[PDB]
Every structure is written in structure tokens, then in C-alpha cells.
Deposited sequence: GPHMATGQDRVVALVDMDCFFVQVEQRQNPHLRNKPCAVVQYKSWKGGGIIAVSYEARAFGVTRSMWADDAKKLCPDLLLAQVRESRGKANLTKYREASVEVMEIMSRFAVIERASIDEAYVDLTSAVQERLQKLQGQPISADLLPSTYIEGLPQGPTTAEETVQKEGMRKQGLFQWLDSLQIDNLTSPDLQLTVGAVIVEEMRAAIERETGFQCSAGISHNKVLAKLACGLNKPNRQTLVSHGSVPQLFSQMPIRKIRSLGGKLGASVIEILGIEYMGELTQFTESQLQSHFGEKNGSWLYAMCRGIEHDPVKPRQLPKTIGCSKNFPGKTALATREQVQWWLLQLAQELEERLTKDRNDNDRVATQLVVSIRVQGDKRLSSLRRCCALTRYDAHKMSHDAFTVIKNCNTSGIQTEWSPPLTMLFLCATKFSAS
């Protein structure tokens, strides 16, 4: 009882830009704002592949990883913005730069861990403590939480419900106890309101957020109320939330491991996990997964918010599907050069912005008819930021995959170059 630690030591937030690429294009092109619109890559094959969808377009059924011609069938007024094309491939520079704008604002409040181009985690523990002392006993007004939902409330129109739940939460709050996890989460959500207001003020981009005691709960919370809303998931709300939460909705259980949790244990929802001992879980899923599952189904996870705002690897990738697969030597060389030229541009920009050089080049290929997504991955040294040298080395390192007797066989359906192992400059 008194010695069962409840994983309530931390305040952790997950901030996620709503349909991020679409917002970047909507800021640039006002004629897209407040409309069904999506962002695509390429346009010849079925109108191109959609990778981001505005909420108005989502209400028609338009989803990511859908062909544009198909989405137009669901949403005939759909508007489309196209990813930039450079050297024959998609170039995502506009979005990496918008992402960095957002990250630099978030970093003014706390230390953040960039988790993807559009989302980061925040460790607010110190910030909440500082603020809690700044109030010196003053209660938290609902006015300070204008977009916050309290998960599990009310109990016993949408904005009316939100306000009722916030009112129940605040009325039941003990503002005098500077050590109550619920008060701490609450101050964290106030700071997250301020972070999101600064982001919208200074970039125009809207975002959702989750506020909880760890990364998995913060991430799960962020998704409960989108777009443009933030959700507080308290420790106390976990048993009811998890009691109907499909296992697959938890971060890292959406694929094969979650499928086998479901199949092996004979269960559907996160909460059923609590009925197993740690040893049973470890026996089925290994010692690490076992401990992690045993704590997670009770709302507890210790994965830290890493202080890492910049990517650890810088990569360039192009698929060559169907009949576009690269079948000759000249083709493989030209596309390796195009990839290495974009990689060189991004790496030089990186070294100048962030004072660091990569030291290792990773070359990855898929061959046609190969089941795997990486038919080969081989590393070599990266000593100078020169696109010709890097493409020549990537060739030197992949060339023994050709089984021709000028030709290339099996034809290549993917090239990939990744600069890694960064060291300060």
C-alpha cells in the first residue's frame, strides 16, 4: 500500500501539430484555409499519395496513405497541395523548417524531446514546481484552461460538457497541497495552454496536447480531443480509460507484439492486463516487455523525456515501385547522385545550424521481388560533405548486389542514404 510507487513523480506533455503539413501549406496559401484539403506526394500515379489531411477533409473519409484520385471520389471539392520536388524526388524542406520554428518556441518553456517532425514530448516537472511556488496557494481558475478536457469527467453541446468536466475537476482540487499529483498535472496543463497559445501566436499553427505523468499516457491523451484541444489524463482516470481501450491504441502495441498480447492472453483491452503477474507477462513477452506491460496497464511507465531537439540521423529515400525499378548501372548511379546531392545540402545546412558533423554513411536498398523493406543495409565512412564522393561510396558498397553479366539485376525498388553518428563541430 504505502510502498507501491504509483508513477506520479513526473508531469509529461505530448504536443502534436494538427494535420501539420496541411497547416504549413494553409498558412502559405490562404485559399486553402478552413477547407477540405490534403497534401500529396507526386501526381501521375492516381493523382499522388496523400500524406496529410485537414479535419474538414477527414469528415468525408479522406485518410493518409490514400490515392488522391480516390479521395476526390469521397470529397469532390477536396483541395490538394503538392510536396516540393527536387532532383526528381520529394523534398520535405518546407516542413522541416516549419517544424523547427515550432520546436524552438516549445523549447522556451521546458526541455523537449523531438519525437517526429510534428510532435515533441515535454518534461514539465521543474516548470510546475516553479509555478506552484509562484502562486503561493492561489486556486487555479477555469479561465486559465480554456481548451483543456479532463478525461473521465463529467461523471454522476461539446463546449458545455468540457466546462462541466473542468468544473468538477477544479472543485475537487486541493490547492494547498503543493505535492498532490493532480494539482501538479493541473499546473502543467496551464503551462501547456500557454505553450500552445505562444505556438499559435508566433507561427499560426494549431496543435493538440496531452498532459499526464508519462509519455505513453501523454501521447494517448493528446489524441482523445483533436483538433486544437488538450487533454489531462490523471492517474485516477486510468482504470476506466483502460477498461475499454483496445491494446493496439497504446504506443508500441499497434503491431505484432500487441497482436500476440491479444492472441496469447485471450484479451482485448488494456485493463485486462492487470490480472496477470509480472512473471507471467515476462514469460510470454520477455523480461523487458513483461515489466513494461505490467507497469503500463496500471498507468505507470518510466521512459524519460530525452533532451534531444534535433534529429539523430539525416536521411534521403526514394522508392522505385512497379516498372520504374532501376535496371541499369547508369540509373543506379544517377539516383544515388541525386540522393547524395539532397543529403549534402541538408548536411551542410545542419553543420552550420547545429555545430556537428556526421561520420558514417548508411546505404540501404530494396531489390524487386524481395519480401523485405531493406534487402541490404551497409555502412561506410562519411568524411566529407561531397555528394559525388558519397554516391560513389554508396555504389562501391552496394555494387556486389548486381548479378548481371551494364545491367542491374534484380532491379532496385528503393534507394536510401542515411548520415549518422554525429559528433560536435
* Where the model has no C-alpha, note the corresponding stretch of the deposited sequence, numbering from 1. => 157 to 164, 414 to 415
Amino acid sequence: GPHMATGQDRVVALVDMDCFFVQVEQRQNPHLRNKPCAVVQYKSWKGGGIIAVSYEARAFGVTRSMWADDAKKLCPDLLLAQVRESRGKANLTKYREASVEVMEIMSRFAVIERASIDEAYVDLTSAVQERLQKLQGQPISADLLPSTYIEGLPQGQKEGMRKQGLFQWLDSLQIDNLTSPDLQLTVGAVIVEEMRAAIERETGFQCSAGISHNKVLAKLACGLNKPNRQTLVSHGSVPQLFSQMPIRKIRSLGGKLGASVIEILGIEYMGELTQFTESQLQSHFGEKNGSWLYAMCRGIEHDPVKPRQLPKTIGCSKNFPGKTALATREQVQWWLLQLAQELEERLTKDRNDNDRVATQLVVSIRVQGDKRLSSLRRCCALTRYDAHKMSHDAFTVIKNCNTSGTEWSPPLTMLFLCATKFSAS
From here on, numbers count along this sequence of modelled residues.
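Take the two forms, superpose them, and find the largest set of C-alpha atoms that agree within 1.5 Å; that set is the rigid core.
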* Greater root mean square CA deviation, 132 to 140 compared with 170 to 178 in 8 other deposited structures of this protein, core aligned -> 170 to 178
* Overlaying the structures in 8 other deposited structures of this protein on the rigid core, point out which of 179 to 187 and 333 to 341 has the bigger RMS C-alpha shift. => 179 to 187
* To do: Going by the average Cα B-factor in the PDB entry, point out whether 131 to 139 or 338 to 346 comes out higher.
  => 131 to 139
* **Selected stretch [higher average CA B-factor]: 268 to 276 or 175 to 183** => 175 to 183
* Structure fact -> Top Cα B-factor in this entry, restricted to 73, 215, 323, 298, sits on 323
* Structure fact -> Residue set 287, 151, 118, 123, per-entry CA B-factor max assigned to 287
* Asked: If you rank the chain by CA B-factor, which third does residue 369 end up in: lowest, middle or highest?
  -> highest
* Asked: Based on the entry's values, in what third of the chain does the Cα temperature factor of residue 311 lie: lowest, middle or highest?
  -> middle
* Can you work out whether the C-alpha temperature factor of residue 205 puts it in the lowest, middle or highest third of the chain? => lowest
* To do: Rank-wise, by C-alpha B-factor, drop residue 383 into the lowest, middle or highest third of its chain.
  => highest
* Ranked C-alpha temperature factor of residue 377 among modelled chain residues, by third -> highest
